[PDB]
Every structure is written in structure tokens, then in C-alpha cells.
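See below for the structure under consideration.
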Amino acid sequence: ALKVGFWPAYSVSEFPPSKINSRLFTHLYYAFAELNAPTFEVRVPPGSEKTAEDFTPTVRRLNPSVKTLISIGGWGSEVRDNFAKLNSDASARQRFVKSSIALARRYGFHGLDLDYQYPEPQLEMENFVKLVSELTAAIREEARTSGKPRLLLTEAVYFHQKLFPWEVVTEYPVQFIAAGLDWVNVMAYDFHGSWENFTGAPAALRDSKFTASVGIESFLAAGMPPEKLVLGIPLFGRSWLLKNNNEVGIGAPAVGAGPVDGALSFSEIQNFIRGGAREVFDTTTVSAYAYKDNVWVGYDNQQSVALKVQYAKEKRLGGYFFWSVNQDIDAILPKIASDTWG
Ligand SMILES: CC(=O)N[C@@H]1[C@@H](O)[C@H](O[C@@H]2O[C@H](CO)[C@@H](O)[C@H](O)[C@H]2NC(C)=O)[C@@H](CO)O[C@H]1O
């Protein structure tokens, strides 16, 4: 029963690792170590060494059984560019593999995660396969030589097994992934946002082709063992500015990104509601939204999270993950999620 949370190092001054309620998790990720092109000596951002070192001892104080992983990469054009350069170069792949394993041990992490959005087109999937295969072997080798349990290995995946469902450029090799990785983190969010001029449920469980369930279905149909899938749930919402203040439902016309640049933390959504926004639960999509004047935000709330976590349990998944834990300062949704699975 995997209860996973991502902590982004950017949030340190407002949400240090000590603020994480680690009682509500089995695994916590430090996001992110950098690829460090062109040498690919993987490292935490220079100047954050102390934060990275203290992360695991700090979170374990509240729940000593909690384990940690360090995630490499993250969303971003530069990260994608760097994985693409890395994966085509056998020597660079060797440097990456050696340095990433050494990094996890250096800072006391129990595993590694690759956050690569995304290994497409086909050539990029093929070269990512080379990187991951070599990493899996090196992880097993380090376990033998050190005598310690092998590092865990996970990766972020698109919500769907096919990249992309509308135009198939490539797809995740599920048998390969099941063999080399402990699990994958299914990014079942950002289905809708301010890039569309109409409001929608950004992480709809069901509805449309862009839903968490359809994505999960696609991985299972391909032959992914259910226990290898960990369902992502966002701790942020996607916001729009409304074209008309009297049109406030799902599918309402919009004119651009709401605060803050199209994304709002769950905690800020709670502030929004306490400041007069109306919360609506949408049963059709299994989601929530809130609005006030010209601002509209779609997100997951207490009810939709419980429904998603039960869904994951029903689908026999390995568990769930939250992106990202700093966005729910009072850990409202991680509490509901943990209680639901138990
Ligand atoms: C289901 C799907 O393919 N959704 C796409 C969105 O992912 C994407 O939005 C972007 O998602 C990133 C991570 O998923 C975010 O980091 C990023 O902020 C977000 N971009 C914006 C402008 O909000 C959109 C836009 O490219 O396309 C969807 O198809």
C-alpha cells in the first residue's frame, strides 16, 4: 500500500521538510536532482546540499518507517533536452548511472526516480530504454558490492500508456518497466487548464479521452501488473479567468489563466473558499471546482480524493501519490487518502 508524496526543494523557505506530515506517507520524494549536462554527474542544485542531506533524517523523525527517494529531472524543456542528449551517448549514460547511484547513497535516500516528460518520439523511448536497462543492472550490482538492499527505482509516466492517445508517436514498454522498476508514478492530472478557453476538470477520474481511469485502463490493457501503478493526485488546481461572471460551471467560456499563472495550491483554494468562493462537487467527473467573481479553479477536494483512492484500491493499484506536499500545508488531503486506504 504505497502512499507517496513529492516535496519540491523550491518550497524550502515556506514549507521545509519538517512541515511534512510523514505519518501519512510510506515514501517521500525529494524533487529534484539535476542532470548536470554535459558531464551528467547528477547532483542536487549547488547550494542545496544541506537541505538534501537533512531531508531523510528530518522526515523520518515523525514516522521512522517512511522511506525516501531522490527524483532526477522534472517537468521542463531543458530537462527534456538534457535527457535526450544524455540517452544517445553511451559514455554519458555510464556517467549518469554511476553518479545517480552514488548520489542516492551520499544523501541517505532509499531509491532513485526518473522524472522525464517525456521519452518521445520513438527514438527517445528507445534511448530511454537503454538508460533504464543500464541503471537497473547497476542498481543490482551496487546491492551486491555494498551488501545493502538495492535502491528502489521508479519513474514518472504520462497519464496514458500511449504517447499520445490522439497521435501515437510512441508508447511505454510495460513489460520492460515492470521488470526494471519498483513502480511508476502515473501523472493523472493537467488534463485541462488555461491553455483551453473553457473551464474543465483538470484531473477528472472519469468523463472524454482525458481521464485518470482511461489512462489507468490503458496501462492495464497493455499488461502492466496493477501493483506497479501508483495513481497521481494533484494538490493544486488549474485556474481560469471567466469570460462572464454569470457562467460558472464546467465548460464555461474563459479568457486566460487565473491565479497564480494558472495554478493554485489546495491551501490557497481553501483560502479562496473561506474568502467567499463557492465550492461545487462534480459527480460526473469526480472532481471539485470553486468560483468567485471572474476566478474559477478546478481541483481535488476531500470527497474526490477519497473517491480516487478507493478507485485505486478497487483497481488493485500499488497506491497513490501526491504532487506536491507543500501545496496542502495542513495535510488535509493526505489524511483523507491515508484513512481511505486503511
Ligand atoms: C493530458 C495532456 O496531455 N495534457 C497536456 C498538459 O500536460 C499540458 O499542460 C502542461 O502540463 C505540464 C505537466 O503535465 C505542466 O507542468 C505545465 O504547467 C502545463 N502547461 C500549462 C501551460 O499549463 C498542456 C499544454 O501543453 O497540453 C495538454 O495536452
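Because the Cβ atoms are built from the backbone with ideal geometry, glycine has one as well, and the counts that use them run over all protein chains shown. Basis: the model, the stated rules and, where named, an outside source; these are not laboratory values.
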Residue match in the range 174-186 (condition: within 13 Å of the ligand (Cβ to nearest atom) and buried (at least 19 other Cβ atoms within 10 Å of the Cβ)): yes
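Table: residues versus (1) among the aliphatic types (A, V, I, L, M); (2) surrounded by fewer than 16 Cβ atoms within 10 Å (Cβ to Cβ); (3) in the same structural domain as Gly342 (by CATH).
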residue	(1), (2), (3)
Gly258	no, no, no
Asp261	no, yes, no
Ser265	no, no, no
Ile269	yes, no, no
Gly275	no, yes, no
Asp282	no, no, no
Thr285	no, no, no
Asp293	no, yes, no
Residue that is nearest to the ligand (Cβ to nearest atom), among those in the range 210-251 that are more than 17 Å from the chain's Cα centre (by Cα), among the aliphatic types (A, V, I, L, M) and assigned by CATH to the domain that holds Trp183: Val214
Failed item in (1) more than 16 Å from the ligand (Cβ to nearest atom); (2) among the aliphatic types (A, V, I, L, M); (3) under 14 Å from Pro16 (Cα atoms), with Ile70 passing the rest: (3)
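Among the residues of the range 141-187, how many are touching a strand residue (DSSP E or B) at 6+ places or on another chain (Cβ under 8 Å) and among the small types (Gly, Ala, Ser)? Step through it out loud before you land on a result.
Just the residues of the range 141-187 that are touching a strand residue (DSSP E or B) at 6+ places or on another chain (Cβ under 8 Å), to begin with: 151-159, 161-164, 168-172, 177, 180-187.
Retained after the next criterion (residues that are among the small types (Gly, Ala, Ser)): 156, 180.
The total comes to 2.
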Matching strands (runs of 3 or more DSSP E) fully within the range 255-317 where at least 3 residues are within 16 Å of the ligand (Cβ to nearest atom) and under 24 Å from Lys209 (Cβ atoms): 295-299
Among the candidates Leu163, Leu205, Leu153, residue that is within 13 Å of the ligand (Cβ to nearest atom) and in contact with a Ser or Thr (Cβ under 7 Å, 6 or more places away or on another chain): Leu163
Candidate set from the range 235-244 (those that are in contact with a strand residue (DSSP E or B) (Cβ under 6 Å, 6 or more places away or on another chain) and part of a loop (DSSP other than H, G, I, E, B)); member that is surrounded by the most Cβ atoms within 10 Å (Cβ to Cβ): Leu235
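Quick one: is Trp195 within 11 Å of the ligand (Cβ to nearest atom), aromatic (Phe, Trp, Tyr) and either assigned by CATH to the domain that holds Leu114 or touching a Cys at 6+ places or on another chain (Cβ under 8 Å) (or both)?
yes
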Odd one out for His160, checked against (1) surrounded by 21 or more Cβ atoms within 10 Å (Cβ to Cβ); (2) part of a helix (DSSP H, G or I): (2)
Criterion violated by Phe83 - all others in (1) within 16 Å of the ligand (Cβ to nearest atom); (2) in contact with a strand residue (DSSP E or B) (Cβ under 6 Å, 6 or more places away or on another chain) satisfied: (2)
Any hit, the range 73-82, residues being among the hydrophobic types (A, V, I, L, M, F, W, C) and more than 17 Å from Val157 (Cα to Cα): no
Near pairs, Cβ below 9 angstrom, 6+ apart or cross-chain, from the range 307-331 (outside the structural domain of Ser18 (by CATH) and under 17 Å from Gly342 (Cα atoms)) to any residue that is buried (at least 23 other Cβ atoms within 10 Å of the Cβ) and aliphatic (A, V, I, L, M): none
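Here is a list: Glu155, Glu167, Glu247. Which entry is of a type in the set (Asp, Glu), assigned to a strand (DSSP E or B) and at negative phi?
Exactly one residue qualifies, and that residue is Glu155.
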